[PDB]
Amino acid sequence: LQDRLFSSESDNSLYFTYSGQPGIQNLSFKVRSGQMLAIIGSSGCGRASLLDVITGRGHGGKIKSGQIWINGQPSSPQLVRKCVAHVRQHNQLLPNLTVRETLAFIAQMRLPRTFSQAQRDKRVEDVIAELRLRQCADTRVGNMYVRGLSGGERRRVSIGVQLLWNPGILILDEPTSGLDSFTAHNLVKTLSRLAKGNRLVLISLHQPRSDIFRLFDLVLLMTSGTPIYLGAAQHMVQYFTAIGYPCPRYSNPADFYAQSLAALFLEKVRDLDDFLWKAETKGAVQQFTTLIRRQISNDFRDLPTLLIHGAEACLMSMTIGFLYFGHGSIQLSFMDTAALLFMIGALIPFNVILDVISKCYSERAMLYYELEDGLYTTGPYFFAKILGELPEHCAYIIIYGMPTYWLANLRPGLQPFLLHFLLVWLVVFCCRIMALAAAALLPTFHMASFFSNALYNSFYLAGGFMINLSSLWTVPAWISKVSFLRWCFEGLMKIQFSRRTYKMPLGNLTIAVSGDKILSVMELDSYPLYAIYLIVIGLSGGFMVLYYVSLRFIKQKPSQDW
Amino acid sequence: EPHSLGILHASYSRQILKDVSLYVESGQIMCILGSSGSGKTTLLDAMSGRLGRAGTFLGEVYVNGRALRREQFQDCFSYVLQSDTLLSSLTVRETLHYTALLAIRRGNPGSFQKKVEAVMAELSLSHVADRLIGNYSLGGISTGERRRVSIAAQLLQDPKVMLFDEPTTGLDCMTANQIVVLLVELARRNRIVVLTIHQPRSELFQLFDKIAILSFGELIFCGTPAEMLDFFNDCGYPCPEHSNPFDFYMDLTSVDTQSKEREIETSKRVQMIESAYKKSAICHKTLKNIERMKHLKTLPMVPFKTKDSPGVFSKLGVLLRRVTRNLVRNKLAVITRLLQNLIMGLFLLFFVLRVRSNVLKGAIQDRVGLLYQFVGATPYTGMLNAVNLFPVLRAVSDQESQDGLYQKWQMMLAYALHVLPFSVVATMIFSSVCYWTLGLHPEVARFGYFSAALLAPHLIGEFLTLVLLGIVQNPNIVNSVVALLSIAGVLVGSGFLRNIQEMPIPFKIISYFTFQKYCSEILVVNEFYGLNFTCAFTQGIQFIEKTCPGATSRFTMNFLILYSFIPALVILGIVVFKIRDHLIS
């Protein structure tokens, strides 16, 4: 097995006193910038929890007893995210980027403004080559659905994501799980390699089996929230020869599980040792760009989704259009032409909602980004995504909004077209934000995708066409003023079909004389040509603020749903 | 009392299983460990008859005198899957009562349960017998215990030869062992037991009559643990203490590919280790024993597994009683079936208020929208119903039918059959409340019609969604699509939004193919037969004509057609499901 080491830097280590949590019982630690400690506890002893407790992030029900100390200080959720690197079982790497990229792009956010570019570039490689991601270098990462990349490698990459501050501590949750024993060795030995540097390494392996066992430096074996005992690889074999060991394996015993003045001196001494233990020890803008670059890159190198969305919109436009086809014998019936103008607005929601809820919700990444500290929300991500979609969203709109217009023969030339389009734009865009807000604040794809479809089914009724508007409770009467679906319709209607423009409404033989009067007769002259843009861009505001809040104050956490 | 289960030179196709051969007697246990490359699972599945594919199955299996024939496997084996999904809102004794009552025709629905008791008490679960089975999260049947029940269902068949896939996997220190035990006990009760075990402990190595290794569908060692601990050292490479004998042996047994170097080298090793006891005395011996059983006729001299599980006509009747039982003992669910439809009508009622009819200001236009929404929601409620409830039943039909209990459609029929009551109440709840509050021509009869006109769509949604849920297997897609369907539908297929008669060529054709049309053109006529609005238009017919002129007269029929769809959909369903048993292996 080939080569030794290209990274390492120093310093911190780790320290404990009598813990307890609903599941834990009186721990005490040796953890020293160079040892690797494998926690080899039973199946769910607060074991996969343990590391998360040590970070501060506790599932179980908050700690009962204890004290936690790092290198030479207390513990703190604000502290840990500056010292310690955590590697989960969960991977959250963007499908369509190369290893080199997925590193560089985090490097640019975690390495300080002061660093040179050559520094970032060389640091990336200085990681890649210590983890021997030799020929993964410029190959895409996410096996998720390109299925063009190894797992054994993938893990090492999501580890690498964390080694870009060459952190003195390193905590890995069950890293082997999934890999083949063949490779497990070759990973855990790389973890040991890392460890030989001035890295402190923490592992948790519930079914480690013998072979991986042999590779442990330090071991901690616990059954259901008590430590059976701490010790090195070899020593354990012997130490439980206070109660006599067997033929099979090292985890068998896991299954089997001041006073005298003499001691008083030892009590003192450990204290004395103990002092010695510590004694030896003793920018947004920039972020923002990065985010949109990475976010936009992947999303653009995703073709499959991208073709669909185009199709997904395209076809609606096609049909809507044909269905109200404005040329040929049949003539658009002002009765009907309103309908279209409403529909073109309050149809696409029922796709787009699900379209963008789907994405935001299939992002948990951001949680781990929040907690790990990659991104703010001050000038940072709230802007990250809202702009990130935009270019897609423009095509998405244009593909959906132009053809309909022509098919259904709306007012000629140009000016109207663009006022039309431009509104559809702000309507749909308002709607995207609405979704984002809905999604970020609620807590489940299904849930957000309810709140949304209720909030939408509630706006279409308010919309002019399907219910005539004027005649209403105050409760809609007020709401209608807030309904982007309605404003779309009045807008389009005002721009298209009335205004100082003139029409020929007609049945059977007719081709009659009429004008703006029509809209005055319809309750819709109420607000003017150009007000409406402002109303919807304002509406946007409301949702935008709901998104900025829901993000800034409220977590998004993982859901299994879609 | 010695039972005979052997295999000679068995193989499979793209040729994943190669000239394997193995001997077992009743009361023994078989432990198959398969490299991540495996092959193991594939075989175990194969033998239970799960499929018979493009490619082939070489060899033959010798079971207690005679050879097995491909057409009898499922008869003379029993199968326990990698998981054990069970209907989350019943009791153990009920799920078992239904599996049993379905599997066999004998004494009575009272005595059946008594048989059940022997199984529950033989498996030591009598003590939870009559509790909420639960999902692990909902109800608290033990995540260990549930596994147990799954086994129970196979024992109602009274097999003496049992096949268990990965059955330790997905458990804990305590529980795993507890389950393993029970396997072995079954072996104590004069049975044959076969296992495919992924990651077990070092403790359990020593609990197995016969342990045997597969690599890339190629057979290697088979025998007593002691026998392995010897004969593998006959091949060389003794496994030290502090190595996990059970696990270590496998590491050597499988080639793998961290490089071309590690790769080629190892494959040679596993080849040599294979040939080593491909030749060896023991591998002769084991073979001879499978040659022994034909050669001898001895006391057991028999195979065995169940008799008559008949009347298909009768069979699903049970499935219904089960399903209705499920769906009823689930407060969560029921409430919605009945109620949401109403929610629709309230939610509208709240915006629309009552039908202003005095003026024309808010007269036809408020109603058009109303009917529209009903016709384009009452199928939505259908799928909302289906997509949410059905998958469990669908997938349970899947895992169940494979063991051989009821053909895939049986179930889909059943679901489809029970909804009737619920949906039909829903429609009434909805209608009774809303129709009058909105007060759109209220003579009871014409209410009566309006309540039949909106029952159909609310089923059509259900059964369409159903059909699709047999073809498409990822519900949340089905629930997007069916929406798009059942919305698009209304746009083209009720006059309302584009005066159907007036619309351009092709759509016109489409419309005639949608239930929507043949529903709307009811509701419009039913609710306008004749009325008088204050003021464009004036009368009730003058609108009827504008949108759907041939409706007035055709009404009588329209119903005929509107209800026409719902037999079709379900009939089609049957076919989709009848088909679908081939689709997923």
# chains A, B, ... in the order shown; residues from 1 in each chain; ligands from 1
$ residues_around --residues "segment 274-283 of chain B" --least-positions-apart "6" --cutoff "7 Å" --atoms "only C-alpha atoms" --output "ChimeraX atom specification"
/B:220-221,235
$ residues_around --residues "residue 440 of chain A" --least-positions-apart "3" --cutoff "12 Å" --atoms "only C-alpha atoms" --output "compact mmCIF listing (two decimals) with N, CA, C and O atoms, in the first residue's frame"
# COMPACT_ATOMS: atom_id res chain seq x y z
N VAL A 356 -40.41 23.97 -8.09
CA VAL A 356 -39.39 24.60 -7.22
C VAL A 356 -39.50 24.17 -5.75
O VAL A 356 -38.52 24.27 -5.00
N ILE A 357 -40.67 23.71 -5.31
CA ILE A 357 -40.76 23.08 -4.00
C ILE A 357 -39.88 21.86 -4.02
O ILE A 357 -39.02 21.68 -3.13
N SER A 358 -40.08 21.03 -5.04
CA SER A 358 -39.24 19.88 -5.22
C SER A 358 -37.75 20.16 -4.97
O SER A 358 -37.11 19.41 -4.24
N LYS A 359 -37.18 21.20 -5.60
CA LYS A 359 -35.74 21.50 -5.48
C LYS A 359 -35.37 21.91 -4.05
O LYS A 359 -34.61 21.19 -3.34
N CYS A 360 -35.92 23.05 -3.61
CA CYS A 360 -35.66 23.57 -2.27
C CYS A 360 -35.78 22.43 -1.26
O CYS A 360 -34.86 22.21 -0.46
N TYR A 361 -36.85 21.63 -1.35
CA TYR A 361 -36.98 20.52 -0.39
C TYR A 361 -35.97 19.38 -0.55
O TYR A 361 -35.52 18.82 0.45
N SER A 362 -35.59 19.07 -1.79
CA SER A 362 -34.49 18.14 -2.04
C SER A 362 -33.15 18.79 -1.72
O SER A 362 -32.10 18.20 -1.95
N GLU A 363 -33.17 20.03 -1.22
CA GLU A 363 -31.99 20.55 -0.50
C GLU A 363 -32.13 20.49 1.06
O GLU A 363 -32.92 21.22 1.70
N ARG A 364 -31.38 19.56 1.62
CA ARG A 364 -30.99 19.60 3.02
C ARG A 364 -29.60 20.22 3.13
O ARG A 364 -29.23 20.68 4.19
N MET A 366 -28.14 22.83 2.75
CA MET A 366 -28.02 24.11 3.46
C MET A 366 -27.97 23.98 4.99
O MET A 366 -27.16 24.67 5.62
N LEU A 367 -28.73 23.06 5.58
CA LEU A 367 -28.61 22.81 7.03
C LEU A 367 -27.15 22.58 7.39
O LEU A 367 -26.54 23.37 8.14
N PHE A 382 -30.28 33.78 0.69
CA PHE A 382 -31.53 34.40 0.34
C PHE A 382 -31.44 35.01 -1.03
O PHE A 382 -32.39 34.94 -1.80
N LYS A 385 -30.17 31.74 -3.94
CA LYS A 385 -31.05 30.98 -4.81
C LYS A 385 -31.93 31.86 -5.67
O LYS A 385 -32.01 31.65 -6.88
N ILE A 433 -41.01 32.65 -5.71
CA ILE A 433 -40.69 33.07 -4.36
C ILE A 433 -41.71 32.52 -3.39
O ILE A 433 -41.33 31.93 -2.36
N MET A 434 -43.00 32.68 -3.72
CA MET A 434 -44.03 32.15 -2.82
C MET A 434 -43.67 30.73 -2.42
O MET A 434 -43.72 30.36 -1.24
N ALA A 435 -43.34 29.92 -3.42
CA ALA A 435 -43.02 28.54 -3.15
C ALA A 435 -41.84 28.51 -2.24
O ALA A 435 -41.92 27.92 -1.18
N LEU A 436 -40.76 29.19 -2.62
CA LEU A 436 -39.55 29.13 -1.79
C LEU A 436 -39.85 29.40 -0.32
O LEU A 436 -39.45 28.63 0.57
N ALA A 437 -40.56 30.50 -0.08
CA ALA A 437 -41.03 30.83 1.26
C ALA A 437 -41.78 29.62 1.83
O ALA A 437 -41.34 29.04 2.81
N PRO A 443 -42.16 22.39 7.16
CA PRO A 443 -41.18 21.32 7.36
C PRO A 443 -41.35 19.97 6.59
O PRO A 443 -40.76 18.97 7.00
N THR A 444 -42.10 19.92 5.49
CA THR A 444 -42.15 18.69 4.68
C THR A 444 -42.69 18.90 3.28
O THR A 444 -43.79 19.43 3.11
N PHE A 445 -41.94 18.41 2.29
CA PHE A 445 -42.33 18.54 0.89
C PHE A 445 -43.85 18.48 0.76
O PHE A 445 -44.45 19.37 0.18
N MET A 447 -46.14 18.79 3.13
CA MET A 447 -46.74 19.90 3.87
C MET A 447 -46.66 21.24 3.12
O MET A 447 -47.70 21.87 2.87
N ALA A 448 -45.45 21.65 2.74
CA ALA A 448 -45.26 22.88 1.97
C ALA A 448 -46.07 22.83 0.66
O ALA A 448 -46.73 23.80 0.27
N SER A 449 -46.06 21.65 0.03
CA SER A 449 -46.82 21.39 -1.19
C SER A 449 -48.32 21.21 -0.91
O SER A 449 -49.10 21.03 -1.84
N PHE A 451 -49.66 23.58 1.82
CA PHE A 451 -49.86 24.99 2.18
C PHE A 451 -49.92 25.76 0.88
O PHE A 451 -50.84 26.56 0.66
N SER A 452 -48.98 25.46 -0.02
CA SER A 452 -48.95 26.07 -1.34
C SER A 452 -50.24 25.85 -2.08
O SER A 452 -50.95 26.80 -2.33
N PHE A 543 -43.65 37.75 0.15
CA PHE A 543 -43.19 36.37 0.17
C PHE A 543 -41.68 36.37 0.40
O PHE A 543 -41.21 35.64 1.24
N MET A 544 -40.95 37.21 -0.35
CA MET A 544 -39.50 37.36 -0.21
C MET A 544 -39.10 37.50 1.24
O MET A 544 -38.15 36.87 1.70
N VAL A 545 -39.85 38.31 1.96
CA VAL A 545 -39.60 38.58 3.36
C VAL A 545 -39.90 37.36 4.20
O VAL A 545 -39.19 37.05 5.15
N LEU A 546 -40.96 36.66 3.84
CA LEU A 546 -41.23 35.37 4.43
C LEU A 546 -40.12 34.34 4.21
O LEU A 546 -39.85 33.52 5.09
N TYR A 547 -39.48 34.36 3.04
CA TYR A 547 -38.35 33.48 2.75
C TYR A 547 -37.13 33.91 3.56
O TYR A 547 -36.58 33.09 4.31
N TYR A 548 -36.76 35.18 3.46
CA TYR A 548 -35.63 35.72 4.22
C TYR A 548 -35.81 35.45 5.70
O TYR A 548 -34.85 35.08 6.37
N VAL A 549 -37.02 35.64 6.23
CA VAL A 549 -37.26 35.27 7.62
C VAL A 549 -37.15 33.77 7.80
O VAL A 549 -36.33 33.31 8.57
N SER A 550 -37.94 32.99 7.06
CA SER A 550 -38.02 31.57 7.34
C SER A 550 -36.61 30.96 7.34
O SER A 550 -36.29 30.16 8.20
N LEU A 551 -35.78 31.38 6.39
CA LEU A 551 -34.36 30.99 6.41
C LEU A 551 -33.63 31.54 7.63
O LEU A 551 -33.06 30.78 8.41
N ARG A 552 -33.67 32.86 7.82
CA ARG A 552 -32.78 33.49 8.82
C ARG A 552 -33.11 33.06 10.24
O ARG A 552 -32.20 32.81 11.03
N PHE A 553 -34.39 32.97 10.57
CA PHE A 553 -34.84 32.52 11.88
C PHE A 553 -35.10 31.02 11.97
O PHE A 553 -34.89 30.45 13.03
N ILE A 554 -35.54 30.37 10.89
CA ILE A 554 -35.99 28.97 11.00
C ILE A 554 -35.14 28.04 10.13
O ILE A 554 -34.94 28.29 8.93
N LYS A 555 -34.59 27.02 10.78
CA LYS A 555 -34.00 25.85 10.13
C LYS A 555 -34.83 25.27 8.99
O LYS A 555 -36.05 25.38 8.98
N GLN A 556 -34.15 24.70 8.02
CA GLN A 556 -34.76 23.73 7.13
C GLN A 556 -34.07 22.47 7.61
O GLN A 556 -32.85 22.46 7.76
N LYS A 557 -34.80 21.41 7.90
CA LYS A 557 -34.10 20.17 8.18
C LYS A 557 -34.56 19.11 7.23
O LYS A 557 -35.59 19.27 6.59
N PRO A 558 -33.78 18.02 7.10
CA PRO A 558 -34.11 16.84 6.29
C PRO A 558 -35.51 16.22 6.46
O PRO A 558 -36.03 16.12 7.57
$ closest_atom_pairs --of "chain B" --to "chain A" --cutoff "9 Å" --atoms "only C-alpha atoms" --output "CSV"
residue,atom,partner,partner_atom,distance
B:36,CA,A:180,CA,7.3
B:171,CA,A:43,CA,8.6
B:172,CA,A:43,CA,5.9
B:173,CA,A:43,CA,6.6
B:174,CA,A:255,CA,8.9
B:199,CA,A:207,CA,8.2
B:200,CA,A:207,CA,8.9
B:201,CA,A:209,CA,7.8
B:202,CA,A:248,CA,5.5
B:203,CA,A:252,CA,6.7
B:205,CA,A:248,CA,8.5
B:240,CA,A:247,CA,8.1
B:241,CA,A:247,CA,4.8
B:242,CA,A:249,CA,4.3
B:243,CA,A:210,CA,4.7
B:244,CA,A:249,CA,4.5
B:245,CA,A:248,CA,6.1
B:246,CA,A:248,CA,8.3
B:247,CA,A:209,CA,7.4
B:248,CA,A:211,CA,7.5
B:251,CA,A:181,CA,7.7
B:255,CA,A:182,CA,8.9
B:256,CA,A:182,CA,6.8
B:257,CA,A:182,CA,8.0
B:258,CA,A:183,CA,6.6
B:347,CA,A:458,CA,8.4
B:348,CA,A:461,CA,7.9
B:350,CA,A:473,CA,8.1
B:351,CA,A:476,CA,5.9
B:352,CA,A:472,CA,6.6
B:353,CA,A:472,CA,7.0
B:356,CA,A:471,CA,8.3
B:361,CA,A:471,CA,7.9
B:362,CA,A:471,CA,6.4
B:365,CA,A:467,CA,6.3
B:366,CA,A:467,CA,5.0
B:367,CA,A:467,CA,8.2
B:368,CA,A:466,CA,7.6
B:369,CA,A:466,CA,4.9
B:370,CA,A:466,CA,8.2
B:372,CA,A:466,CA,8.8
B:476,CA,A:562,CA,8.3
B:480,CA,A:354,CA,8.7
B:484,CA,A:350,CA,8.6
B:492,CA,A:323,CA,7.8
B:497,CA,A:339,CA,6.4
B:498,CA,A:336,CA,6.0
B:499,CA,A:336,CA,8.1
B:502,CA,A:330,CA,6.5
B:503,CA,A:323,CA,6.8
B:504,CA,A:323,CA,6.7
B:507,CA,A:323,CA,7.0
$ select_by_dssp --residues "segment 14-102 of chain B" --states "strand (DSSP E or B)" --output "list in words"
residues 17, 18, 19, 20, 21, 22, 23, 24, 25, 29, 30, 31, 32, 33, 34, 57, 58, 59, 60, 61, 62, 63, 67, 78, 79, 80 and 91 of chain B
$ select_by_dssp --residues "segment 69-312 of chain B" --states "alpha helix (DSSP H)" --output "MDAnalysis selection string"
chainID B and resid 73:76 92:103 111:122 143:155 173:188 225:234 245:253 260:279 281:295 312
$ atom_distance --atom1 "atom CA of residue 401 of chain A" --atom2 "atom CA of residue 530 of chain A"
19.4 Å
$ residues_around --residues "residue 53 of chain A" --least-positions-apart "6" --cutoff "10 Å" --atoms "only C-alpha atoms" --output "PyMOL selection string"
chain A and resi 21+46-47+59-60+62-63
$ closest_residue --among "A:523, A:217, A:52, A:280" --to "residue 493 of chain A" --atoms "only C-alpha atoms"
A:523
$ residues_around --residues "residue 237 of chain B" --least-positions-apart "5" --cutoff "10 Å" --atoms "only C-alpha atoms" --output "NGL selection string"
:B and (232 or 249 or 252 or 273)
$ write_last_selection --atoms "N, CA, C and O atoms" --output "compact mmCIF listing (two decimals), in the first residue's frame"
# COMPACT_ATOMS: atom_id res chain seq x y z
N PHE B 232 -10.47 -25.76 5.62
CA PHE B 232 -9.84 -24.53 5.13
C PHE B 232 -8.33 -24.47 5.46
O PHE B 232 -7.55 -23.87 4.73
N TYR B 249 -12.84 -16.02 7.05
CA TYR B 249 -13.04 -16.95 5.94
C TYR B 249 -13.64 -16.29 4.69
O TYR B 249 -13.15 -16.54 3.60
N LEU B 252 -11.17 -13.94 2.51
CA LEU B 252 -10.39 -14.78 1.59
C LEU B 252 -11.22 -15.31 0.43
O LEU B 252 -10.73 -15.40 -0.70
N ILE B 273 -8.56 -22.01 -4.06
CA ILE B 273 -9.36 -22.37 -2.88
C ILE B 273 -10.66 -23.09 -3.30
O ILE B 273 -11.14 -23.97 -2.57
$ residues_around --residues "segment 332-336 of chain B" --least-positions-apart "6" --cutoff "10 Å" --atoms "only C-alpha atoms" --output "number ranges by chain"
B: 326, 342-343, 381, 384-385, 388-389, 422, 426
$ residues_around --residues "residue 547 of chain B" --least-positions-apart "3" --cutoff "7 Å" --atoms "only C-alpha atoms" --output "PyMOL selection string"
chain B and resi 495-496+499-500+543-544
$ residues_around --residues "residue 82 of chain B" --least-positions-apart "4" --cutoff "10 Å" --atoms "only C-alpha atoms" --output "ChimeraX atom specification"
/B:41,147,164-170,196
